[PDB]
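Listing of entry.cif, mmCIF, C-alpha atoms and all ligand atoms
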data_protein
loop_
_atom_site.label_atom_id
_atom_site.label_comp_id
_atom_site.auth_asym_id
_atom_site.auth_seq_id
_atom_site.Cartn_x
_atom_site.Cartn_y
_atom_site.Cartn_z
CA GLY O 2 52.17 -40.11 101.14
CA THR O 3 50.18 -43.24 101.96
CA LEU O 4 47.91 -43.60 105.00
CA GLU O 5 50.03 -46.74 105.88
CA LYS O 6 52.97 -44.41 106.25
CA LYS O 7 51.13 -41.87 108.29
CA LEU O 8 50.08 -44.61 110.65
CA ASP O 9 53.72 -45.81 110.84
CA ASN O 10 54.71 -42.20 111.66
CA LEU O 11 51.93 -41.92 114.20
CA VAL O 12 53.22 -44.94 116.04
CA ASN O 13 56.81 -43.56 115.90
CA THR O 14 55.86 -40.17 117.23
CA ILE O 15 54.09 -41.88 120.16
CA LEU O 16 57.19 -43.95 120.86
CA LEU O 17 59.59 -40.98 120.41
CA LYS O 18 57.60 -38.57 122.55
CA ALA O 19 57.35 -41.06 125.40
CA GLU O 20 61.19 -41.56 125.31
CA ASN O 21 61.96 -37.92 125.02
CA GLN O 22 59.97 -35.31 127.05
CA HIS O 23 58.15 -36.61 130.24
CA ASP O 33 65.13 -40.88 140.82
CA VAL O 34 62.74 -43.86 140.00
CA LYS O 35 62.77 -44.30 136.10
CA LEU O 36 59.42 -46.25 135.97
CA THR O 37 58.35 -47.95 132.71
CA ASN O 38 54.90 -47.41 131.30
CA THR O 39 54.04 -50.94 132.30
CA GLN O 40 54.94 -50.16 135.86
CA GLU O 41 53.05 -46.87 135.86
CA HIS O 42 49.96 -48.62 134.52
CA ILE O 43 50.25 -51.34 137.15
CA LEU O 44 50.35 -48.62 139.77
CA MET O 45 47.33 -46.92 138.02
CA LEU O 46 45.22 -50.12 138.15
CA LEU O 47 46.31 -50.99 141.72
CA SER O 48 45.46 -47.46 142.95
CA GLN O 49 41.77 -48.25 142.46
CA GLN O 50 41.56 -51.91 143.65
CA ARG O 51 43.75 -54.73 144.92
CA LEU O 52 44.53 -57.18 142.05
CA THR O 53 46.55 -60.22 141.26
CA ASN O 54 49.38 -60.72 138.87
CA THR O 55 46.91 -62.45 136.52
CA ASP O 56 44.17 -59.70 136.77
CA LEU O 57 46.95 -57.19 135.87
CA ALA O 58 48.19 -59.22 132.98
CA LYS O 59 44.66 -59.58 131.58
CA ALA O 60 43.73 -55.93 132.14
CA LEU O 61 46.96 -54.73 130.40
CA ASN O 62 47.10 -57.65 127.91
CA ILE O 63 50.75 -58.52 128.52
CA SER O 64 52.35 -61.77 129.78
CA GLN O 65 52.09 -62.86 133.36
CA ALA O 66 55.87 -63.00 133.26
CA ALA O 67 56.15 -59.31 132.15
CA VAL O 68 53.88 -58.46 135.10
CA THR O 69 55.95 -60.55 137.59
CA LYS O 70 59.07 -58.80 136.36
CA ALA O 71 57.54 -55.26 136.67
CA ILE O 72 56.20 -56.09 140.13
CA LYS O 73 59.56 -57.39 141.41
CA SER O 74 61.25 -54.13 140.38
CA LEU O 75 58.42 -52.16 142.00
CA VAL O 76 58.66 -54.08 145.28
CA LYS O 77 62.47 -53.49 145.11
CA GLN O 78 61.78 -49.71 144.89
CA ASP O 79 59.41 -49.82 147.86
CA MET O 80 56.44 -49.03 145.59
CA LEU O 81 54.21 -52.11 146.23
CA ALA O 82 53.63 -54.62 148.93
CA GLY O 83 52.14 -58.05 148.46
CA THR O 84 49.84 -59.83 150.88
CA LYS O 85 48.36 -63.28 150.38
CA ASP O 86 44.65 -64.00 150.39
CA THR O 87 43.35 -65.61 153.61
CA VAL O 88 40.94 -68.07 151.92
CA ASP O 89 43.39 -69.15 149.15
CA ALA O 90 47.08 -69.06 149.85
CA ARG O 91 48.07 -69.43 146.18
CA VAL O 92 46.75 -65.89 145.58
CA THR O 93 48.75 -62.76 146.12
CA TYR O 94 47.24 -59.26 146.02
CA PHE O 95 49.32 -56.17 145.49
CA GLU O 96 48.80 -52.74 146.78
CA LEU O 97 50.52 -49.44 146.78
CA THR O 98 52.80 -48.33 149.59
CA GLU O 99 52.49 -44.74 150.87
CA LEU O 100 55.50 -43.71 148.85
CA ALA O 101 53.82 -44.85 145.53
CA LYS O 102 50.59 -42.91 145.98
CA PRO O 103 51.84 -39.46 144.92
CA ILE O 104 53.66 -41.12 142.00
CA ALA O 105 50.54 -42.88 140.88
CA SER O 106 48.29 -39.79 141.35
CA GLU O 107 50.49 -37.69 139.16
CA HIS O 108 50.58 -40.23 136.39
CA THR O 109 46.78 -40.52 136.69
CA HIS O 110 46.43 -36.76 136.49
CA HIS O 111 48.56 -36.56 133.31
CA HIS O 112 46.22 -39.21 131.76
CA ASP O 113 43.23 -37.03 132.75
CA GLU O 114 44.74 -34.03 131.05
CA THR O 115 45.49 -35.98 127.90
CA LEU O 116 41.81 -37.09 127.77
CA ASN O 117 40.89 -33.41 127.32
CA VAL O 118 43.35 -33.23 124.53
CA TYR O 119 41.70 -36.14 122.84
CA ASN O 120 38.22 -34.52 123.47
CA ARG O 121 39.25 -31.31 121.78
CA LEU O 122 40.58 -33.14 118.81
CA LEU O 123 37.58 -35.38 118.45
CA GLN O 124 35.34 -32.24 118.62
CA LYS O 125 36.55 -31.28 115.13
CA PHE O 126 34.63 -34.18 113.59
CA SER O 127 30.89 -34.42 113.06
CA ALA O 128 29.23 -37.30 114.89
CA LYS O 129 28.95 -39.06 111.50
CA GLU O 130 32.70 -38.72 111.08
CA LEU O 131 33.20 -40.04 114.65
CA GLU O 132 31.48 -43.39 113.89
CA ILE O 133 34.21 -43.98 111.37
CA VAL O 134 36.89 -42.74 113.72
CA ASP O 135 35.48 -45.24 116.23
CA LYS O 136 35.49 -48.04 113.75
CA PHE O 137 39.11 -47.15 112.90
CA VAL O 138 40.49 -46.93 116.47
CA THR O 139 38.68 -50.11 117.37
CA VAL O 140 40.21 -52.23 114.58
CA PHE O 141 43.62 -50.61 114.95
CA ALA O 142 43.71 -51.40 118.68
CA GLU O 143 42.67 -55.04 117.97
CA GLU O 144 45.40 -55.37 115.46
CA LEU O 145 48.13 -53.71 117.69
CA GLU O 146 47.10 -56.10 120.48
CA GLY O 147 47.25 -59.35 118.43
CA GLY B 2 33.00 -46.08 126.58
CA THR B 3 34.08 -42.74 125.13
CA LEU B 4 36.28 -42.37 122.03
CA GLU B 5 38.64 -40.26 124.29
CA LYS B 6 39.16 -43.38 126.34
CA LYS B 7 39.70 -45.63 123.39
CA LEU B 8 42.34 -43.25 122.14
CA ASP B 9 43.96 -43.25 125.63
CA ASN B 10 43.92 -47.09 125.48
CA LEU B 11 45.31 -47.05 121.97
CA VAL B 12 48.27 -45.00 123.10
CA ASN B 13 48.80 -47.33 126.11
CA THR B 14 48.71 -50.48 124.06
CA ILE B 15 51.36 -48.97 121.74
CA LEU B 16 53.53 -48.11 124.73
CA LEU B 17 52.95 -51.50 126.45
CA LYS B 18 53.58 -53.60 123.36
CA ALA B 19 56.83 -51.79 122.62
CA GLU B 20 58.04 -52.46 126.23
CA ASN B 21 56.92 -56.02 126.28
CA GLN B 22 57.40 -58.27 123.19
CA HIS B 23 60.13 -57.19 120.65
CA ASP B 33 73.08 -57.49 124.01
CA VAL B 34 72.51 -53.84 122.75
CA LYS B 35 69.12 -52.62 124.30
CA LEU B 36 68.58 -49.78 121.71
CA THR B 37 65.82 -47.20 122.28
CA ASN B 38 63.35 -46.38 119.56
CA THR B 39 65.06 -43.05 119.15
CA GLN B 40 68.31 -44.79 118.51
CA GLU B 41 66.78 -47.29 116.11
CA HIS B 42 65.16 -44.46 114.15
CA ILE B 43 68.45 -42.55 114.03
CA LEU B 44 70.04 -45.66 112.59
CA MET B 45 67.05 -45.98 110.14
CA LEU B 46 67.49 -42.40 108.84
CA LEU B 47 71.32 -42.65 108.70
CA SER B 48 71.14 -45.95 106.76
CA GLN B 49 69.82 -44.02 103.75
CA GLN B 50 71.94 -40.79 103.89
CA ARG B 51 74.58 -39.08 106.00
CA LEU B 52 72.94 -36.44 108.26
CA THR B 53 73.72 -34.04 111.02
CA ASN B 54 72.54 -33.91 114.56
CA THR B 55 70.20 -31.08 113.54
CA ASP B 56 68.79 -32.88 110.39
CA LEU B 57 68.05 -35.85 112.71
CA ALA B 58 66.40 -33.73 115.32
CA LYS B 59 64.19 -32.05 112.70
CA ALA B 60 63.34 -35.29 110.89
CA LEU B 61 62.35 -37.01 114.21
CA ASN B 62 61.00 -33.82 115.86
CA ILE B 63 62.90 -34.22 119.13
CA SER B 64 65.49 -31.93 120.79
CA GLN B 65 68.99 -31.58 119.48
CA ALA B 66 70.06 -32.56 122.98
CA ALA B 67 68.04 -35.85 122.87
CA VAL B 68 69.79 -36.58 119.55
CA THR B 69 73.29 -35.77 120.95
CA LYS B 70 72.58 -38.07 123.87
CA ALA B 71 71.34 -40.97 121.63
CA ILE B 72 74.33 -40.52 119.32
CA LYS B 73 76.88 -40.58 122.18
CA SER B 74 75.48 -43.91 123.41
CA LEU B 75 75.51 -45.24 119.84
CA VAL B 76 79.14 -44.20 119.25
CA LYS B 77 79.94 -45.85 122.65
CA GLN B 78 78.41 -49.12 121.32
CA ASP B 79 80.43 -48.93 118.10
CA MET B 80 77.25 -48.31 116.08
CA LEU B 81 78.09 -44.91 114.46
CA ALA B 82 81.12 -42.96 113.47
CA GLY B 83 81.27 -39.23 113.01
CA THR B 84 83.31 -37.38 110.41
CA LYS B 85 83.45 -33.62 109.96
CA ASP B 86 82.57 -31.85 106.74
CA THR B 87 85.58 -30.64 104.72
CA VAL B 88 84.07 -27.27 103.67
CA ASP B 89 82.60 -26.42 107.13
CA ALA B 90 84.31 -27.75 110.21
CA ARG B 91 81.38 -26.94 112.52
CA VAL B 92 79.39 -29.71 110.81
CA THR B 93 79.55 -33.34 111.77
CA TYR B 94 77.96 -36.13 109.71
CA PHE B 95 77.18 -39.51 111.14
CA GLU B 96 77.17 -42.83 109.49
CA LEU B 97 76.70 -46.42 110.35
CA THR B 98 79.60 -48.71 111.17
CA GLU B 99 79.59 -52.23 109.67
CA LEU B 100 78.35 -53.67 112.93
CA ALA B 101 75.17 -51.41 112.85
CA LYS B 102 74.05 -52.35 109.35
CA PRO B 103 72.43 -55.71 110.15
CA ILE B 104 70.81 -54.10 113.22
CA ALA B 105 69.40 -51.30 111.16
CA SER B 106 68.23 -53.60 108.30
CA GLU B 107 66.28 -55.76 110.66
CA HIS B 108 64.55 -52.84 112.28
CA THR B 109 63.78 -51.50 108.79
CA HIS B 110 62.37 -54.86 107.76
CA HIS B 111 60.06 -55.02 110.81
CA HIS B 112 58.75 -51.53 109.81
CA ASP B 113 58.11 -52.87 106.28
CA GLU B 114 56.12 -55.77 107.64
CA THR B 115 54.07 -53.52 109.89
CA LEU B 116 53.18 -51.36 106.82
CA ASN B 117 51.41 -54.42 105.39
CA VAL B 118 49.56 -54.73 108.60
CA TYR B 119 48.39 -51.19 108.32
CA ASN B 120 47.46 -51.79 104.60
CA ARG B 121 45.27 -54.74 105.48
CA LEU B 122 43.52 -52.81 108.16
CA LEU B 123 42.97 -49.75 106.03
CA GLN B 124 41.52 -52.04 103.29
CA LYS B 125 38.43 -52.57 105.46
CA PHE B 126 37.32 -48.97 104.88
CA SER B 127 35.81 -47.53 101.73
CA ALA B 128 37.83 -44.73 100.16
CA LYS B 129 35.20 -42.30 101.51
CA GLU B 130 35.83 -43.65 105.00
CA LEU B 131 39.60 -43.31 104.42
CA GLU B 132 39.40 -39.52 103.83
CA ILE B 133 38.10 -39.25 107.35
CA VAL B 134 40.66 -41.70 108.67
CA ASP B 135 43.27 -39.48 107.00
CA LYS B 136 41.85 -36.36 108.49
CA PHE B 137 41.89 -38.09 111.91
CA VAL B 138 45.47 -39.45 111.80
CA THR B 139 46.70 -36.13 110.50
CA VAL B 140 45.25 -34.03 113.35
CA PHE B 141 46.12 -36.63 115.96
CA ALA B 142 49.77 -36.70 114.85
CA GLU B 143 49.90 -32.85 114.92
CA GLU B 144 48.53 -32.83 118.39
CA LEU B 145 50.87 -35.66 119.71
CA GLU B 146 53.81 -33.71 118.25
CA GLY B 147 52.96 -30.29 119.81
ZN ZN J 1 50.67 -43.81 131.23
ZN ZN J 2 60.96 -48.46 115.00
#

Starting from the file, lay out its structure as structure tokens.
Amino acid sequence: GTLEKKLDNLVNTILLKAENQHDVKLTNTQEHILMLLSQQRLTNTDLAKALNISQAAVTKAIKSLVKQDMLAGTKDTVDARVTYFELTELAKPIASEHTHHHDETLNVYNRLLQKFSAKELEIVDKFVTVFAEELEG
Amino acid sequence: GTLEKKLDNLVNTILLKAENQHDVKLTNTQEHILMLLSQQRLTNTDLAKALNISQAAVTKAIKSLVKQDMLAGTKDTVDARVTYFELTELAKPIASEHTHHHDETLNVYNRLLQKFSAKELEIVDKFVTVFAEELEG
């Protein structure tokens, strides 16, 4: 079959795996907010930029997180327009675990990349780079 | 940064895009069931095999679809153990649209692939192939 189709299938298997094997029910957006907040305080707008999604998608994910006692907001003392989010105690084990599953998957990607010569990997780089640009938009 | 990390980011941007831009709220699993059923009647077990997810994930997605008047089941007349699913009238426009968005994304993948020589594309093939195997498990 075409490479177009294998890419289509690659995207589908990522989507299907994430819905199938993995009392909070966090979305990936919310887990990746918690990931980024676990290493520094950030604003709604830093989060939106870092994840490349709308500010309104971030505001929505943060409201649901605050509702589940996962985050707490505190305003900045020099500029009251600015709110910083940080993890509550209850979120920290949830975040750590998600971070640890990312760490394990990085080894999976290492092993797979290892099958390519370093020549091959410049092309793999070039491919993942353009693909990611495209899938962003 | 490492290629490991770009792959990790590639997976995240797929997950984040699917949650962010896109009264039914269908999952990808359910849309891909409807996609496969729109071209032939199939069983729970053909669907599970074709999508590579558990039979129990399929049974779950099909119950919710039947509940939303999207599918109807009819048993096989030679073997009563066997149930075939097919789309109700109401599902057909929903399915067509999802199928048409897949068709458009195939052009997106074509354009991106076009930037590689055919030499480069053997390596891209080799990469997407092993990656997909891995991400399946
Ligand atoms: Zn994640
Ligand atoms: Zn789809």

Using only C-alpha atoms, which chain B residues lie at most 9 Å away from chain O, written as a PyMOL selection string?
chain B and resi 4-22+37-39+42+61-64+67+112+115-120+122-123+126+130-131+133-135+137-142+144-146

Which distance in Å separates CA of residue 36 in chain B and CA of residue 110 in chain B, to one decimal?
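Answer for the CA of residue 36 in chain B to CA of residue 110 in chain B separation: 16.1 Å.
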
Report as JSON the centre and the edge lengths, in Å to one decimal, of the axis-aligned box holding every listed atom of range 124-142 of chain B, padded by 8 Å on each side.
{"center_x": 42.5, "center_y": -43.3, "center_z": 108.1, "size_x": 30.6, "size_y": 34.5, "size_z": 31.8}

Distance in Å - CA of residue 108 in chain B versus CA of residue 56 in chain B:
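Computing it gives 20.5 Å between the two atoms.
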
Between CA of residue 92 in chain B and CA of residue 44 in chain B, what is the spacing in Å?
18.6 Å

Give the answer as one residue: which of O:88, O:60, O:46, O:83 has the shortest atom-to-atom distance to ligand ZN 1 (chain J), using all atoms listed in the file?
O:46

Test item: residues at most 9 Å from residue 52 in chain O, only C-alpha atoms, excluding those fewer than 2 positions along its chain, as a ChimeraX atom specification
/O:46-47,50,54-57,93-96

Between O:45, O:2, O:127, O:34, which has the minimum distance to residue 107 in chain O (counting all atoms listed in the file)?
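Residue with the minimum atom-to-atom distance to residue 107 in chain O: O:45.
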
Taking the partial coordinates given, rebuild range 118-136 of chain O to contain N, CA, C and O atoms; return it as an mmCIF file, in the frame of the given file.
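Final file, part25.cif:
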data_model
loop_
_atom_site.group_PDB
_atom_site.id
_atom_site.type_symbol
_atom_site.label_atom_id
_atom_site.label_comp_id
_atom_site.auth_asym_id
_atom_site.auth_seq_id
_atom_site.Cartn_x
_atom_site.Cartn_y
_atom_site.Cartn_z
ATOM 1 N N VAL O 118 42.744 -33.415 125.816
ATOM 2 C CA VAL O 118 43.350 -33.230 124.530
ATOM 3 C C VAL O 118 42.680 -34.073 123.486
ATOM 4 O O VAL O 118 42.426 -33.619 122.351
ATOM 5 N N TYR O 119 42.370 -35.299 123.822
ATOM 6 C CA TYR O 119 41.700 -36.140 122.840
ATOM 7 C C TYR O 119 40.248 -35.575 122.586
ATOM 8 O O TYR O 119 39.793 -35.526 121.444
ATOM 9 N N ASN O 120 39.565 -35.137 123.639
ATOM 10 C CA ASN O 120 38.220 -34.520 123.470
ATOM 11 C C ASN O 120 38.244 -33.381 122.502
ATOM 12 O O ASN O 120 37.566 -33.426 121.427
ATOM 13 N N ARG O 121 39.157 -32.448 122.718
ATOM 14 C CA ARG O 121 39.250 -31.310 121.780
ATOM 15 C C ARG O 121 39.487 -31.743 120.348
ATOM 16 O O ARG O 121 39.006 -31.170 119.389
ATOM 17 N N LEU O 122 40.295 -32.752 120.176
ATOM 18 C CA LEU O 122 40.580 -33.140 118.810
ATOM 19 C C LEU O 122 39.396 -33.857 118.143
ATOM 20 O O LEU O 122 39.090 -33.638 116.980
ATOM 21 N N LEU O 123 38.721 -34.712 118.911
ATOM 22 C CA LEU O 123 37.580 -35.380 118.450
ATOM 23 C C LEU O 123 36.444 -34.359 118.071
ATOM 24 O O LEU O 123 35.787 -34.496 117.025
ATOM 25 N N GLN O 124 36.319 -33.288 118.851
ATOM 26 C CA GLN O 124 35.340 -32.240 118.620
ATOM 27 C C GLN O 124 35.352 -31.679 117.223
ATOM 28 O O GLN O 124 34.340 -31.186 116.783
ATOM 29 N N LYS O 125 36.487 -31.715 116.549
ATOM 30 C CA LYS O 125 36.550 -31.280 115.130
ATOM 31 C C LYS O 125 35.850 -32.152 114.096
ATOM 32 O O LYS O 125 35.846 -31.821 112.906
ATOM 33 N N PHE O 126 35.252 -33.256 114.517
ATOM 34 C CA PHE O 126 34.630 -34.180 113.590
ATOM 35 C C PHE O 126 33.163 -34.106 113.868
ATOM 36 O O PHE O 126 32.775 -33.982 115.035
ATOM 37 N N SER O 127 32.344 -34.197 112.825
ATOM 38 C CA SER O 127 30.890 -34.420 113.060
ATOM 39 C C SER O 127 30.719 -35.780 113.702
ATOM 40 O O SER O 127 31.658 -36.620 113.727
ATOM 41 N N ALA O 128 29.544 -36.006 114.259
ATOM 42 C CA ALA O 128 29.230 -37.300 114.890
ATOM 43 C C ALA O 128 29.134 -38.483 113.896
ATOM 44 O O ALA O 128 29.333 -39.643 114.279
ATOM 45 N N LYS O 129 28.762 -38.174 112.652
ATOM 46 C CA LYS O 129 28.950 -39.060 111.500
ATOM 47 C C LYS O 129 30.429 -39.455 111.301
ATOM 48 O O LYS O 129 30.767 -40.637 111.260
ATOM 49 N N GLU O 130 31.281 -38.463 111.160
ATOM 50 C CA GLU O 130 32.700 -38.720 111.080
ATOM 51 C C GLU O 130 33.167 -39.612 112.270
ATOM 52 O O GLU O 130 33.752 -40.670 112.069
ATOM 53 N N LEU O 131 32.747 -39.296 113.494
ATOM 54 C CA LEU O 131 33.200 -40.040 114.650
ATOM 55 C C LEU O 131 32.800 -41.496 114.663
ATOM 56 O O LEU O 131 33.448 -42.271 115.370
ATOM 57 N N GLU O 132 31.750 -41.914 113.953
ATOM 58 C CA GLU O 132 31.480 -43.390 113.890
ATOM 59 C C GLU O 132 32.596 -44.121 113.126
ATOM 60 O O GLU O 132 32.953 -45.250 113.433
ATOM 61 N N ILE O 133 33.141 -43.438 112.156
ATOM 62 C CA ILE O 133 34.210 -43.980 111.370
ATOM 63 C C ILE O 133 35.505 -43.921 112.172
ATOM 64 O O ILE O 133 36.277 -44.862 112.161
ATOM 65 N N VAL O 134 35.735 -42.818 112.869
ATOM 66 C CA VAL O 134 36.890 -42.740 113.720
ATOM 67 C C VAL O 134 36.841 -43.869 114.749
ATOM 68 O O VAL O 134 37.826 -44.538 114.930
ATOM 69 N N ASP O 135 35.660 -44.173 115.280
ATOM 70 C CA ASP O 135 35.480 -45.240 116.230
ATOM 71 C C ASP O 135 35.854 -46.542 115.628
ATOM 72 O O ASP O 135 36.689 -47.304 116.181
ATOM 73 N N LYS O 136 35.228 -46.811 114.493
ATOM 74 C CA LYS O 136 35.490 -48.040 113.750
ATOM 75 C C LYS O 136 36.998 -48.147 113.511
ATOM 76 O O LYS O 136 37.565 -49.172 113.773
#
